[PDB]
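J.: Experimental structure below, sequence on top.
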There are 2 protein chains.
Amino acid sequence: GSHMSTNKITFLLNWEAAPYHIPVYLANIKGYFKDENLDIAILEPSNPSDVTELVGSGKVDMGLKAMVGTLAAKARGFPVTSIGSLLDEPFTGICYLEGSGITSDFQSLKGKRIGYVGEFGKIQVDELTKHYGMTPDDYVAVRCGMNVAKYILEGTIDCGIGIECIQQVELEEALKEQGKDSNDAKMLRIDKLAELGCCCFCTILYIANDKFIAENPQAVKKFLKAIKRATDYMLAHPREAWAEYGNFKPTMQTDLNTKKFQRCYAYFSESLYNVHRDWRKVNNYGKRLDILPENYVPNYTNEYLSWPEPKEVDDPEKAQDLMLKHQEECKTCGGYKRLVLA
Amino acid sequence: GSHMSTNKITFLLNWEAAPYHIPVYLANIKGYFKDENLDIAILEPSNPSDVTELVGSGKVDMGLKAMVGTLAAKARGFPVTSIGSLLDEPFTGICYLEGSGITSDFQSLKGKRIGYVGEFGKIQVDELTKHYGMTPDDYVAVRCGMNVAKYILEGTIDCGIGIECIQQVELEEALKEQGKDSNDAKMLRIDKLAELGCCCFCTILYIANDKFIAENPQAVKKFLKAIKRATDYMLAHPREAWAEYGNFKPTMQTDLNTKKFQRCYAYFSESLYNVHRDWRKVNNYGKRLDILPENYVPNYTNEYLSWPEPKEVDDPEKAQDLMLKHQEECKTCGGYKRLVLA
């Protein structure tokens, strides 16, 4: 006896369900996948380090992963390709609490316990040390999975790698509930420490197994159409979309997750396009880190997107500064406002 | 070539991470899988209805599923086999709130919106109607996924199928939040409605893809040894094991989830053995529901377990009465008490 066929396509998130996963869940909830005759089985990982080996080996069809992990996957023999962007350049850094002895000076990290998520965070911090008169032995790296912010708050690490709209928000809100100044939640931006220009290495991407892409090109195209439809809706109607997401996934109804969503809002890619200049820069960064070979070719494609490509940006420094001001403003206001492009 | 193999084995839960998943997470957390040279990738479904098609098609290697869904999967051409038991005969019923017009009489469900999880809940309630002077048109079945208790509380359904140690606990605690009597959270036990004698049909099982079992019998045996090791530890040291689980999965650190764990505790299978009489009874029930063909054989095996099989329980009725009393006491007094075997 054989087995019946399933048309269910597995889609593995990069993390436990989080506010920025809204386009995937909303495309399902609102029937946008069904309208494209797709059945998407959304799966969440217990351990984010499992994602690329599962997608790359073909055990899972599609999913999400940040740019460093995506590039490294194919270099390690797990052939995935980025087919689009979800969250563009979210600020990423070593998060800490003001008054613990850590400052904006990287050298203040001497003798500290620094949390990282899975694997590459430690590689990044280790590489930074030589640029600041330090060695990897000058700190203790602690693998924390999805609990970096929690462990900072609980004091079992002194600081740790996280993104501004997720981990930093958790720190800020926890400080407030304690009666502490939320401004005490700070980060040493990793793009600045590594002298990279922006947090391009932290863009979260839609990825797919190469064989899956080859064997299901229509499905990939239609998946991205449905995602685009949900993304358009969410960007136009964030409050209503957020309510819908939370009705299905009640974890998202909390005040904390709502604060996170407000902070994520400006980062969502409206076009889903892979940004060429970012990929070029992170590829070179990965080579510097000794996780990608010289001559490595970036593993992304825009071939499955069915609408026009936005123009390249000559001045992302300017745009990044606008983002800074926007995010700082978020700390004291409600509401949802997208950045206006130059 | 460059494409590498993975050793990861995918394990898909039957539900969002919940208290009764503790043996799986603990086997991982405490390094019991590692000690058996296993790398288990624990995955959580966003839609429990996806589980058996994924495991049965081979898209996922192993997972959890309750008995009705497990039987139905192989009957429908998605070959999975139960290799052991996780949660034995948990009380399951149509949960409701006192004062809404619903009573212990099934006829009080006329004109009600009744929530079910995925598919078979509706089939079960539909079949029950004929035994209580009703038809499937006498109520409205509403598909709710993992949010049955939530939607009862919010009033968008009137009642719905749930397990005593999960959904009924959510209702009890929410009633306390409203400053109401937690005893207003009740259920019509479905085993009693269906004349089944016990909730055999709701037992939650360890399942695996048939091809995976055939090609990897050694890994299956090792997996079950590691699960048994974690199960032994958790049953012996519930407070400590629970704290370990919550440190990894912070949602489990809540008072609500702790109360759920206390209510789950007596149901865990100590031996992991498939209970023959239950499989016999539920196979016949499935045939009665027209979900299994007349000649269907039950899809389980105990051959991958590595310790003695406990004797068949002499007096199942006596055991079920002890459990009823135990769970009543657990509601009001909490704690961790295992029933003494005859």
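T.: Structure received. Numbering: from 1, shown residues only, chains lettered A, B, ... in the order given.

J.: When you work out contacts or count neighbours from here on, use the C-alpha atoms and nothing else.
T.: Will do.

J.: Need the phi and psi values for the nearest residue to residue A:109 once chain neighbours are set aside.
T.: With sequence-adjacent residues excluded and distances taken as Cα to Cα, 6 or more residues apart in numbering or on different chains, residue A:109 is closest to residue A:102, at 6.2 Å. Here is the backbone geometry of residue A:102 (degrees, to the nearest 10): phi -80, psi 140.

J.: hang on, residue A:319 packs against residue A:341?
T.: Yes: counting by Cα atoms under 8 Å, residue A:319 touches residue A:341, with 7.4 Å between them.

J.: which one of those two has more residues nearby?
T.: Neighbour totals were compared for residue A:319 and residue A:341, and residue A:319 leads with 15 against 9 (other Cα atoms under 10 Å in any protein chain shown).

J.: can you pull the contacts of that one?
T.: A:341-342 (Cα atoms under 8 Å, 6 or more residues apart in numbering or on different chains).

J.: count of neighbours near the residue in the stretch 201-342 of chain A that chain B sits nearest to?
T.: Nearest residue of the stretch 201-342 of chain A to chain B: residue A:248, at 7.6 Å (Cα to the nearest Cα). By other Cα under 10 Å, the residues close to residue A:248 number 18.

J.: now do residue A:42
T.: By other Cα under 10 Å, the residues close to residue A:42 number 21.

J.: residue ranges for the helices of chain A, please.
T.: A:22-29, A:32-35, A:51-57, A:67-75, A:120-129, A:148-154, A:167-178, A:190-193, A:210-215, A:217-236, A:238-248, A:255-264, A:276-288, A:316-330 (DSSP state H).

J.: need the contact list for the nearest residue to residue A:322 once chain neighbours are set aside.
T.: With Cα to Cα, 6+ apart as the criterion, residue A:322 has its nearest non-adjacent residue at 7.5 Å, and that residue is residue A:339. By Cα under 8 Å, 6+ apart, the contact set of residue A:339 is A:266, A:322-323, A:326.

J.: Quick one, which of these are buried?
T.: Burial by neighbour count, 16 or more other Cα atoms under 10 Å in any protein chain shown: within the contacts of residue A:339 this picks out A:266, A:323, A:326.

J.: Looking at these, spot the one nearest residue B:121.
T.: Proximity to residue B:121 was ranked across those by Cα to Cα; first place goes to residue A:266, at 41.8 Å.

J.: can you put the buried ones among the contacts of residue A:339 in CSV and add distance to residue A:220?
T.: Formatted as CSV, those follow (distance: Cα to Cα, whole Å):
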residue, distance to residue A:220
A:266, 26
A:323, 31
A:326, 34
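
J.: residues contacting residue A:173?
T.: A:182, A:256.

J.: got the contact list for the residue of the stretch 201-342 of chain A closest to chain B?
T.: Applying Cα under 8 Å, 6+ apart, the residues near residue A:248 are A:29, B:147.

J.: Tell me the spacing between it and residue B:196.
T.: 33 Å (Cα to Cα, to the nearest Å).

J.: Residue nearest the middle of chain A, spatially speaking?
T.: The residue lying closest to the centre of chain A (Cα atoms, centre = their mean) is residue A:204, at 3.7 Å.

J.: Would you confirm that residue A:207 contacts residue A:63?
T.: Yes: the criterion here is Cα under 8 Å, and residue A:207 meets it with residue A:63 at 5.3 Å.

J.: for chain B, what are the nearby residues on the stretch 101-250 of chain A?
T.: A:147, A:248 (Cα under 8 Å from any Cα of the partner chain).

J.: which residue does the stretch 1-150 of chain A bring closest to chain B?
T.: Taking Cα to the nearest Cα, the stretch 1-150 of chain A has residue A:77 as its residue nearest chain B, at 4.3 Å.

J.: Spit out the contact partners of the closest residue to that residue other than its chain neighbours.
T.: Nearest residue to residue A:77 in three dimensions, chain neighbours excluded: residue B:3, at 4.3 Å (Cα to Cα, 6+ apart). Neighbouring residues of residue B:3 by Cα under 8 Å, 6+ apart: A:76-79.

J.: among these, which are in strands?
T.: Among the contacts of residue B:3, none falls in strands (DSSP state E).
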